[PDB]
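One chain follows as structure tokens, the form deposited in one PDB entry.
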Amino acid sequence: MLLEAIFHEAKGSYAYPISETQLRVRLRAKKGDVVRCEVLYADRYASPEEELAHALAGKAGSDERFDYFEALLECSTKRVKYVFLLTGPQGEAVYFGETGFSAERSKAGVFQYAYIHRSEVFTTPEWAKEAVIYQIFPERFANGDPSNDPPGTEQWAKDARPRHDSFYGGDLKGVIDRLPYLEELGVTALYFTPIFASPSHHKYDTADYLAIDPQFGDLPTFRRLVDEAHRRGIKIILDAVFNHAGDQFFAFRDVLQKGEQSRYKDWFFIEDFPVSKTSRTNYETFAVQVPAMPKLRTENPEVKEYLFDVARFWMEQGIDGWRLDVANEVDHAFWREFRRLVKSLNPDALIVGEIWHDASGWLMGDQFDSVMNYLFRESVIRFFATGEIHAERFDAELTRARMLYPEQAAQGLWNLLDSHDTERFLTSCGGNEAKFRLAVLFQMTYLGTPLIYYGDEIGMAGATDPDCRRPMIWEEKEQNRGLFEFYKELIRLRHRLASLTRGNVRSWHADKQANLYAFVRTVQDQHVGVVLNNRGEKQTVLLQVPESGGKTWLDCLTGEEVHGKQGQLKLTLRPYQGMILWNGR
């Protein structure tokens, strides 16, 4: 085999504990290069004469270029040393250890996970493990209070086409009045973009972190929303913009007024006084030259303490978690301490980050619980919407992403289809509902947390921002209730099948020609197979099904009963039809 292509490291995403006495280990090798991967291990202080325990590393998956092997090590001493025994297609074997590769075990050396501390076991909120989150863009969801509308608010109608500076009056009172709707839909949590006091239309340039923006509501109303959502089994997640503040932030205005005499000049990154200009600025800001968004020096103990107080304040209001904005630009220590604070106040508070690149540095268990799965969105867009990639590529992309982080993170990644910053998925699908539905079916049965962008469930459409921010369609006759019932049904299924929320994922079938992809979700003895016919043609396929997993399945969407003959399952799917096969266990 090709030894230079084989990889493992005793940490990060390749070695991490799932409990105090169990260590998961993963290894990658060029696809097809390794046929068998076994792990020989023992306590780090074990005598050189004792027998080593054995652990077979099953092939957890494979992407465009690699095969991924995964094993679980039982380490009652919480300390383990181990070496891999690798076998190729032609029977050639080799030991792989920290020292390197060798036909002799001793010369391969041994990898070591020094000690498994209970406090370092990646732990996430149980409720987030089976949640369906709904993204609320406040200004455009529901206008429950006309008296707080910004001046110049435009009419709330389906034919409305939003302009960058448009206003429709969406607010918290509206969300409250519409909680019955969200409850009927079945969402378990609401995620809000920024809602704190700000002079702009977007609110990403915070003026007051301790107040709800007047156009959206106030503290008493927010408290009411939290309470009303909670009794309906709906949690509240707020967006925290801690990387930078608005130029109206008390600390910044003070600096603008006193210059180098400000007690807060060091809460920011200023090059030289006086501090200001139009399109030009002597201080660091979000992105490039954004005057209204001065970057905060979170490394400053005072800044950090202040933001922590902000976090305490909202959590005292009863919120259930945070979505962090531009989190990759605030330091790690802040995030490690943020987590300690947050979890001490509420062990079930969720911490989600938004990083548009490999987020492994924030997903080891000491910082965020998860991040936005932009990779999922990209794979779903190109597979279901644009048709730029086929089923096998879709499979590879999905798998590569899956292997990026420890299972505790991957399990809670927010899998979005779109956002207030993208065109709506329906529009990406060129208005084709059959394509849109297949994507939703996949979204609701795949590994991760489904995130619904407001209005998508009733068939809203729209080009990218600001056209994706049209006012929510509330007139029942103008909503797509067929789609709505589809989401509701899929959501009910996700909650009834433990596999869909807490199961692992394995590719079941991938055909680039028929463009059919199938995968299986598994937990204990339960298996739920999902078959996706992503083609505008009726197609027949033969899936492999060794009798050990069962020989009878029920399509949870139609009630049809299918049977495997001699370890094979023949299926005929209608155009863009998706089946959710439950093995009855």
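What we label the rigid core is the largest C-alpha set whose atoms superpose within 1.5 Å from one form to the other. So that there is no doubt, residue numbering starts at 1 and follows the sequence shown.
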Looking only at C-alpha temperature factors in the entry, 195 to 203 or 327 to 335, the higher average sits in 195 to 203
Which has higher Cα B-factors on average according to the PDB entry: 272 to 280 or 495 to 503? 272 to 280
Selection by C-alpha B-factor (highest) of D369, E260, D358, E184: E260
Identity of residue with top Cα B-factor, from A42, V528, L27, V35: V35
Can you tell me which third, lowest, middle or highest, the CA B-factor of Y517 falls into for its chain? lowest
Can you tell me whether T124 has a C-alpha B-factor in the lowest, middle or highest third compared with the other modelled residues of the same chain? lowest
Relative C-alpha B-factor of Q90, binned into the chain's lowest, middle or highest third: highest
Where does the C-alpha B-factor of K265 rank in its chain, lowest, middle or highest third? highest
Based on the entry's values, in what third of the chain does the Cα temperature factor of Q22 lie: lowest, middle or highest? middle
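Another form exists, deposited in another entry; not displayed. Remarks below refer to it.
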Just one entry of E560, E537, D43, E64 has its C-alpha move 2 Å or more between the shown form and the other one under rigid core superposition, and it is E560
After a rigid core superposition, would you say the CA of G32 moves by 2 angstroms or more between the shown form and the other one, or not? no
